[PDB]
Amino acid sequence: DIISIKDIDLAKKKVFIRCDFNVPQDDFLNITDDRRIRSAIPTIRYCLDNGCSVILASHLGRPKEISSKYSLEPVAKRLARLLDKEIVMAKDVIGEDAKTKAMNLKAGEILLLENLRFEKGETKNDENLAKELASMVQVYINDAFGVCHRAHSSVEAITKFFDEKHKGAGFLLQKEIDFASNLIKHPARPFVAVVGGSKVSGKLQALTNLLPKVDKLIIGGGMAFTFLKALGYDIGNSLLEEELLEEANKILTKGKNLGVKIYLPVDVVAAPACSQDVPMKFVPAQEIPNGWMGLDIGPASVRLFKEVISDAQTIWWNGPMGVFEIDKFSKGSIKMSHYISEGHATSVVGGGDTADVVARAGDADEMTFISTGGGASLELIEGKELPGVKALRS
């Protein structure tokens, strides 16, 4: 149903590619993870190989207003090394400099527009922005699954300025869609969802839609403590969403009614504060000391979870098992990455935090697929129609 880049005649044309270059940066604005730039390359190279000129556009962060801090200039440098091709940068998005550069662009050249979100209309699906972006090119390609869950100009309104023979989905967008969709369709079984992170409300809708689909569900991260609390466990000073206690109980009740095997941590790494520099204890989940907090799954839980996933043919994992940015509270996530990656399941990772764990674990290459689109994969797993994808439906 979705129009593919493969069914569009784009040879020798001028092509707008909406890419996802929303990469992490450090305080000196050096790029600390270029995976999204790398994932964009096959679509870009396919156009260049077909004699196109290429206008690339992406957002970076969420600028409130224009500043050098959110410039795409470091993305341009990094992409130039990775493609071994030179890049022209526009000083603006649809101002005079972009339009002139776009018009001057020769076959085989690459133009990177400045941050899309320097235009206030982008996150409002402004139709004038869309029209101005569209005027620069003959073909529209979306390769940015990561923003497709939002009605933004560069993925939604812009598509109204191209007919079905001049717009389509890039190779990355198609993969993101195929991997996410499989999971809510007919995945190989046993199908295990492994869910984590610190908030239940983050995952509630995904869990509700996955529940009738999965064979087993492991719940870790800070969000587990709301489930344990919903079951009457004392959780000391751990994270709690009081207001979601009843919803968590509903997940467990329906899970059981549907025959889903649901596992929560049976032990945790507990500490008096969330820092490297305080003491830590391995304790049962029923015995977090007064005033202490659970910050990672414990070794018994790691081991149980290993056994839970051991016969899996499909695993979806979104969310760390614990506060993995702190070394002392990272081991449960790291070992889960090891166990998931080393097993024989089709393994699909979601969430930037989870991609980060998998990177630190050194396992990125043994995962079947790591989504580089944060909330977008989740909203698909939730059962929603994504406006960016809909926009490209034949």
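Heads up: residue numbers just count along the shown sequence, starting at 1.
Mean C-alpha B-factor is higher over 63 to 71 than over the other stretch, the pair under comparison being 356 to 364 and 63 to 71. In this entry, 24 to 32 shows the higher mean Cα temperature factor of the pair 339 to 347 and 24 to 32. Annotation for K124, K167, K229, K175: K124 ranks highest, by Cα B-factor. Listed residues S275, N318, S154, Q313 were ranked by CA B-factor as deposited; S275 comes out on top. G298: CA B factor lies in the lowest third for its chain, per the PDB record. The PDB entry assigns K14 a C-alpha temperature factor belonging to the middle third of its chain's modelled residues. When all modelled residues of the chain are sorted by CA temperature factor, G291 is found within the highest third. Among all modelled residues in this chain, the alpha-carbon of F118 has a temperature factor (C-alpha) in the highest third. In this PDB entry, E241 carries a Cα temperature factor that places it within the highest third of its chain's modelled residues.
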